[PDB]
DNA sequence: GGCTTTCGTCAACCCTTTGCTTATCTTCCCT
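Residue numbers (the authors' numbering), protein chains in the order written: chain J, 2 to 303; chain K, 2 to 303; chain C, 1 to 247; chain B, 1 to 177.
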């Protein structure tokens, strides 16, 4: 009687950001874009470490990739292209029964709120991760379908109602609940100040030889699409004891805090999609969490 | 009476496509072909497997081959040729009794619809699964016998009537129903956008180093030839409860979705093949299905 | 007095890289000798030897594992199991840009010889792989030995196969002298008494185990004698070079 | 015990071979024992339905014990008994199947022979052992039977890590020159 | 009397992480 999930049931991602190239502009000269180059500086400090206090007096030489604004341009510009694709319910590897019953159990999902939180995370500048601190104003210009949309002051921890994010999110929800696609050409102008140090994505490297190795595209400082995609889907205010929005994982798990906000207490995604497939009526934000997982994608089987 | 099939009856592949080399061009300069290079990135995420709430908290580091457009070209070009080969009834391992009576039951195959669906799968961009979505405008340029056609907007899930694909299908059905060969050089111009991630063939390979390993040809992103061969033969809209075209399989079986649409309901290739040989009046659509299997080829153990 | 036709840059993809049970990679000289006798059958131009070189060649997969092929449910009687994934028998696939040079003897103009070889290659299949592209073949003749070297250097750039022979066995010398092993032919084990499940019922059939010789890759210009790169069907149910063992 | 094992093998399908098309296709089941290639260090393969057979006190099937210390050549030359030679040879048969196997034409002089290439078992087992022993890493590794190789072959059942085959890739030509 | 479907049967690893080669070039001479 229990409809088990397919062993290879997987969903493709539906929010596809590009790698976010960072340029340097002014708050006035936004047409003068010079690429933020990744430099490499050798930096000496103290050994630190929680243990081993005997070698505290010894130095610490580490070679670190840095990325800074030049001292003639005070604004950091971040360019990326977010592609919201539709058909979020057609599993590319699990189409059949389970997948399709999840679709019919998720037809009345509030796609407007999911699209609103996605477009707000793009619009409030959450895709800027550590660049936002020290920025005097973060101006987001989202060009949808040749549609300039300017945002100036949006607080990030809560999704306050405005008309421009909702205006973009109307057709973003029309794409997500239906078919087709929409492309958001996103530019972030941040008055970080003269010569402020910007924070790109850092590569994962195991061969070492360099302590911090920033993500670069032909040398220009850039951000990983995955970081932007994590920040776009940071919409999950529906876990147990929800204080801040977290990214949408199947387990509600962020790995910096070393916790899982939705595992071990029967609101991880697999339990909810098993309930929704097996005719257990989810609540509204429950369906929004499951549909946000399907928009994020992943594989849910075995 | 009751002419049995050969134990190891085999047919050769008659739609032979080449590997789809992926280049990067502009919609303006579509002659600026630039090998989309398969890059290798490393990915930090959260491990979210159906049975992993205990390990959801910890991270998950995967090295993954990616392939993205460069940020100065907004168009993905796809290169392949498709060689339609005649003698679709000449078995190379099966005997001259079952295969010839199979053949003489199959001159009444309307090859025009088979050729129309083959060239429409070529032209609509069916060979471009995850990167035909998110494309602002697709454009297929088919060059055959020094004569060139262009297709802008062809919906891929149904075969609507246009004179250009039918005009190519005239010579393709002439080759398939007759002798010789024909070759269509296909140029896919897909306006994905600036720095949009392209989707080459992933490989079924045990790789300790790379969790996801893409297909490259001299590093250049490429797609598998049998992948495009699966795309071209995705014409089967004639199975029981037919909604979408599936690939022409002997059992109508998509193992990707875990469902075999022509297995068990007496509409697979072998039951219709025995009905065609043993004088049972085969329907037109079952005739075209058996002919499409013979065009695809295969060995048939039994 | 020798005549050759060269097809340069034969981009072929989908090559059955499984040369044998213990060799996966470049197709052996039995494959290209089989291609040569295939044209001796379809086009009628009877071919003595073929010298083949590899411009490009990549086996699909990692550096230690080949990419297996997703099998399709094509056998008869296993419906019901067709919804699940088909079991995979090992057949590695590869891509390769080759340069072929066929010793032919011809008595007509070079244009009809080029057209016949082109019409064969348009319907040919190198090692189970579809010929993606190929340059227009050109005829060159080896009147003398300097002319033989002209034909040799006309295959530039390609890495041809030269035979270096078996000292003790295959594994030992592949580690020791570091040469590559490939199928130079087959060894007949038993006569086959059942011709019902075969291609012909009258052609005599034998179960075979592939014999191997040890070979090296040298660029065609660095090969001193072009006869050491031209493989042909020897009368030991094997293939062999005209020049013998490369020294 | 050894006779116990040879007879355990014989109650079952009972095939000992040096060449087979079972490695090419697991659905094939053609097993061929060539007599001329049996030497001192000739590794020898055997087949049972689903690789069945009892183990000894050290947890080994017949495939381990027949393949170390040249034990198969010892039974083959009859240092352990001529009635054991008989038992061994009762399992050493040539079973033939050509379905799901490659069939090519080889020129034999003014004619062709349809050769069906089957893989040498000694090549697979001894090559895997030697090229892992002699540190030859210019190789591919392939698990032959699939997810559960006991339906294929006793060597595929026991050597689950995969067989070593030669990486036969040629050197590439650099395009920029 | 096969014959075709589905369920039961039988298993168990020690792995290693780039080169293979390495490109087709001017002396005499007289017109």
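Beta carbons: idealized from backbone N, C-alpha and C, even for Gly.
Whole-number beta carbon distance between residue 279 of chain K and residue 3 of chain K, since they are thought to touch under 8 Å: 6 Å
Host beta strand (DSSP E) of residue 224 of chain J (start-end): 221-224
Where the region 66-77 of chain C meets chain K: residues whose CB sits under 8 Å from a CB there: 66, 67, 68, 69, 70, 72, 73, 74, 75, 76 and 77
Listed by chain order, chain K residues near residue 27 of chain B by CB distance under 9 Å: 302
Local Cβ density within 10 Å of residue 168 of chain K, reported as buried at 16 or more and exposed below that: exposed
Stretch-stretch touch, CB-based, cutoff 8 Å, three pairs: the region 211-218 of chain K with the region 184-195 of chain K: no
Which listed residue (K:79, K:47, K:56 and K:296) has its alpha carbon closest to that of residue 186 of chain K: K:79
Other residues of its chain near residue 202 of chain J: CB distance less than 6 Å, five sequence neighbours each side excluded: 216, 224, 225 and 228
According to DSSP, residues forming a beta bridge with residue 81 of chain K: DSSP output for residue 81 of chain K lists K:187 as bridge partner(s).
Alpha-carbon to alpha-carbon, residue 28 of chain K and residue 136 of chain K: Computed Cα separation, rounded: 12 Å.
Cβ neighbour criterion (16 or more within 10 Å) applied to residue 42 of chain K: buried
DSSP-derived helix/strand/coil call for residue 158 of chain C: Three-state DSSP puts residue 158 of chain C in coil, outside helix and strand.
Uninterrupted alpha helix (DSSP H) stretches inside the region 85-134 of chain J (no shorter than 4 residues): 99-105 and 112-124
Proximity to residue 90 of chain J [Cα-Cα], best of J:103, J:162, J:7 and J:82: The shortest C-alpha separation from residue 90 of chain J is found at J:103.
Touch test, the region 239-257 of chain J against the region 196-210 of chain J, Cβ-Cβ under 8 Å, three pairs minimum: no
Residues from the region 119-143 of chain K in contact with chain J, defined by Cβ distance under 9 Å: Residues of the region 119-143 of chain K with a C-beta atom less than 9 Å from some C-beta of chain J are 130, 131, 134, 135, 136 and 137, listed in chain order.
Rounded Cβ spacing between residue 74 of chain C and residue 251 of chain K (contact assumed at less than 8 Å): 5 Å
Endpoints, beta strand (DSSP E) assigned at residue 54 of chain C: 47-59
Where residue 130 of chain B sits in the DSSP three-state scheme: Helix at residue 130 of chain B.
Residue 46 of chain B burial status per 10 Å Cβ neighbour count (16 or more: buried): buried
Range of the contiguous alpha helix (DSSP H) that encloses residue 75 of chain C: If you look at residue 75 of chain C, you'll find it isn't in any alpha helix (DSSP H); DSSP assigns it neither H nor E.
Short Cβ contact (9 Å threshold) for residue 22 of chain C with residue 36 of chain B: no
Heavy atom of the ligand COA within 8 Å of residue 45 of chain K beta-carbon: Annotation note on the ligand COA: not contained in the displayed structure, which lists no ligands.
Contact set for residue 3 of chain B: own chain, Cβ-Cβ below 7 Å, skip 5 residues either direction: 84 and 87
Residue 192 of chain B, enclosing alpha helix (DSSP H) - first and last residue: Within the shown structure, residues of chain B are numbered from 1 to 177, placing residue 192 of chain B beyond reach of any answer.
Host alpha helix (DSSP H) of residue 276 of chain K (start-end): 270-278
Within chain B, partners of residue 8 of chain K - CB distance below 7 Å: 99
Span of the beta strand (DSSP E), counted from its first residue to its last, around residue 165 of chain B: 163-168
Reduced DSSP category for residue 62 of chain B - H, G, I as helix; E, B as strand; rest coil: helix
The region 207-217 of chain C / the region 127-134 of chain C touching (three or more Cβ pairs under 8 Å): no
Closer than 9 Å to chain K by CB, residue 83 of chain C: yes
Cβ-Cβ distance between residue 233 of chain C and residue 239 of chain C below 9 Å: yes
Cβ separation of residue 88 of chain K and residue 180 of chain K, assumed to be a contact under 8 Å, to the nearest whole Å: That pair is a contact at about 6 Å.
Chain K contact residues for residue 246 of chain J, given Cβ-Cβ distances below 7 Å: Those do not exist, as residue 246 of chain J stays about 16 Å from chain K at its closest Cβ, beyond 7 Å.
Three-state secondary structure assigned by DSSP to residue 197 of chain C: coil
Neighbourhood of residue 263 of chain K by C-beta distance below 6 Å, restricted to the same chain and skipping five residues each side: Result list for residue 263 of chain K: 240, 252, 253 and 269, in chain order.
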